[PDB]
Amino acid sequence: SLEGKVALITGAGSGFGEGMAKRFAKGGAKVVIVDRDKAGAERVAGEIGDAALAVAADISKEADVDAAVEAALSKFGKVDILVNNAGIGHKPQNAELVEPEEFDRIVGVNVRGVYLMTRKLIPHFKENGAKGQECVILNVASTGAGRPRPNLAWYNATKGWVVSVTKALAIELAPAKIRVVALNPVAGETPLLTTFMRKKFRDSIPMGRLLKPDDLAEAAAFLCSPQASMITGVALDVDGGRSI
Ligand SMILES: NC(=O)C1=CN([C@@H]2O[C@H](COP(=O)(O)OP(=O)(O)OC[C@H]3O[C@@H](n4cnc5c(N)ncnc54)[C@H](O)[C@@H]3O)[C@@H](O)[C@H]2O)C=CC1
């Protein structure tokens, strides 16, 4: 289904990104594991096997993004799918207590990093689309982008940026045969969950359980597949009903 495709996934050394890298590879994709956590990237890539390449990079820095893209193209010759999944947050707290240094770092990863990775790959994607090869950008946002609860204000707003840029890129890039979509996950069983924080979260999800990486990975695999070739500009909630 993703056979022949090459997916570059940021933040794939852990959590949701790790689940997507594994699910995509099981679907026949080559996967470029881009993460600032070199040990996690290498573990995931080694667990997947020869279809995975680990790339250590801080996607908030332009030089690292240039190097990660060059590495992906050297190894696999093309990139078909970009998954912007890397992200950081802040501990829940009153908004006015997040100081500018922490605010700036969160924007650097969740906003600038998406901008850098997307901007660097758009020329390649346009080349591919001109050859009749559709490309997909998938951005991982959050139910908090449009359905926030108190105490995660600046994190949630970066995910609102992501949902917005998904729409804006989608309408601009559709004639180039590039689709741009987003996923809005609810609280998931990843290492980052203790930062945004379990019975209280579970009971707030109408379907009655937390999201697991495998759940989100299936929606990502569908949206990045040719079976979704007319789906673009959407932000799909994968949340057990939390956003209703
Ligand atoms: N876990 C949850 O409850 C929810 C998470 N999200 C978003 O899902 C996405 C994946 O997060 P999780 O898997 O849960 O957390 P995670 O911490 O397990 O995985 C995030 C990975 O991105 C990497 N990362 C952070 N900054 C980076 C940078 N400059 N450059 C390269 N890699 C960087 C991290 O090293 C990490 O391996 C994130 O964007 C997160 O904001 C959205 C709402 C719910």
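Position 1 is the first residue of the sequence; numbering continues from there. When reading the values below, keep in mind they use all heavy atoms of this one structure, side chains included, and skip hydrogens, waters and symmetry mates.
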(message) Side chains of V238 and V186, heavy atoms from C-beta outward: is any pair under 4.5 Å?
(response) no

(request) Hey, can you tell me if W154 and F103 have their rings parallel, tilted or perpendicular (30° and 60° cut-offs)? (result) perpendicular

(request) For residues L183 and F16, determine if any side-chain heavy atom of one lies less than 4.5 Å from a side-chain heavy atom of the other. (result) no

(request) Of all the heavy-atom pairs spanning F76 and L53, show the shortest one and how long it is. (result) CE1-CB, 3.9 Å

(request) Only counting residues at least two apart or in another chain, list the ones meeting side chain to side chain donor-acceptor pair (under 3.5 Å) with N110. (result) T158

(request) Kindly say whether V114 contributes a backbone atom to a donor-acceptor pair with the side chain of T118 at under 3.5 angstrom? (result) yes

(request) Spell out, as yes or no, whether a donor-acceptor pair under 3.5 Å connects the side chain of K78 to the backbone of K5. (result) no

(message) Test of understanding: with side chain to side chain donor-acceptor pair (under 3.5 Å), list the residues that count as partners of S225, not counting sequence neighbours.
(response) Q227

(request) State, yes or no, whether a side-chain contact exists between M20 and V140 at a heavy-atom distance under 4.5 Å. (result) yes

(request) Specify the closest pair of heavy atoms between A21 and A12, including all atoms of both residues, with the distance to one decimal. (result) CB-CB, 4.1 Å

(request) Nearest 0.5 Å please: distance from the OG atom of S1 over to the CZ atom of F24. (result) 10.0 Å

(message) When you measure from the side chain of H90 to the backbone of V98, do you find a donor-acceptor pair of N or O atoms at a distance under 3.5 Å?
(response) no

(request) Could you tell me the separation between the CG atom of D239 and the CD1 atom of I244, rounded to the nearest 0.5 Å? (result) 7.0 Å

(request) Report yes if the side chains of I88 and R36 come closer than 4.5 Å at any heavy-atom pair, otherwise no. (result) yes

(request) Quick one: pull up CG in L2 and CZ in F222 and give me the separation to the nearest 0.5 Å. (result) 11.5 Å

(request) Could you tell me which residues satisfy side chain to side chain donor-acceptor pair (under 3.5 Å) with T10, sequence neighbours excluded, listed by chain and number? (result) none

(message) If the condition is side-chain contact (heavy atoms from CB on, under 4.5 Å), which residues does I171 pass it with, not counting sequence neighbours?
(response) none

(request) Could you tell me which non-hydrogen atom of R147 sits nearest to which non-hydrogen atom of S243, and how far apart they are? (result) NE-O, 3.0 Å

(message) Under the criterion side-chain contact (heavy atoms from CB on, under 4.5 Å), I'd like the reasoning laid out for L8 against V6: C-alpha separation, chi angles, the key distance, then a yes or no.
(response) CA-CA 7 Å; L8 186 161; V6 177; over 6 Å; no

(message) Distance alone, cut at 3.5 Å: any donor-acceptor contact between the side chains of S14 and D37?
(response) no

(message) Which heavy atom of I33 sits nearest to which heavy atom of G13, and what is that distance?
(response) CG2-N, 4.0 Å

(request) Check whether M117 and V163 end up in the same hydrophobic cluster, where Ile, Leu, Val, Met, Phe, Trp and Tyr are linked by side-chain heavy atoms less than 4.5 Å apart. (result) no

(request) Could you grab the distance from atom CD of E62 to atom NZ of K120, nearest 0.5 Å is fine? (result) 8.5 Å

(request) For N139 and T166, test the side chains for any donor-to-acceptor distance below 3.5 angstrom and give the result as yes or no. (result) yes

(message) Show the nearest heavy-atom pair for residues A170 and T232, with the distance to one decimal.
(response) CB-OG1, 3.6 Å

(request) Output yes when a side-chain donor or acceptor of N85 lies under 3.5 Å from a complementary backbone atom of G11, and no otherwise. (result) yes

(request) List for me each residue that meets side-chain contact (heavy atoms from CB on, under 4.5 Å) alongside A157, sequence neighbours excluded, and say none if there are none. (result) none

(message) side-chain contact (heavy atoms from CB on, under 4.5 Å), that's the test. Do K126 and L173 meet it? Break it down for me.
(response) CA-CA 8 Å; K126 285 189 171 173; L173 296 173; 3.8 Å; yes

(message) Taking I231's backbone N and O only, do any of them form a donor-acceptor pair with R179's side chain (distance below 3.5 Å, no angle check)?
(response) yes

(message) Can you confirm whether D215 sits close enough to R209 that some side-chain heavy atom of one is under 4.5 Å from a side-chain heavy atom of the other?
(response) yes

(request) Evaluate the criterion side-chain contact (heavy atoms from CB on, under 4.5 Å) for residue pair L82 and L138; output intermediate values, then yes/no. (result) CA-CA 6 Å; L82 165 65; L138 166 64; over 6 Å; no

Side-chain polar contacts of residues 38-49 - donor-acceptor pairs under 3.5 angstrom, sequence neighbours left out - could you list them?
residue: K38; atom: NZ; partner: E42; partner atom: OE2; Å: 3.0
residue: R43; atom: NH1; partner: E18; partner atom: OE2; Å: 2.9
residue: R43; atom: NH1; partner: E47; partner atom: OE1; Å: 3.0
residue: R43; atom: NH1; partner: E47; partner atom: OE2; Å: 3.1
residue: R43; atom: NH2; partner: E18; partner atom: OE1; Å: 2.9
residue: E47; atom: OE1; partner: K22; partner atom: NZ; Å: 2.8

(message) Test of understanding: clusters of I, L, V, M, F, W, Y form through side-chain heavy atoms closer than 4.5 Å, transitively. Do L73 and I178 belong to the same one?
(response) yes

(request) Please report the closest heavy-atom contact between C135 and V79, naming both atoms and the distance. (result) SG-O, 4.4 Å

(request) Could you tell me whether the side chain of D64 and the main chain of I59 form a donor-acceptor pair under 3.5 Å? (result) no

(message) Return the NZ to CG distance between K30 and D50, rounded to the nearest 0.5 Å.
(response) 8.5 Å

(request) Can you measure from CG (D58) to CG (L116) and round to the nearest 0.5 angstrom? (result) 10.0 Å

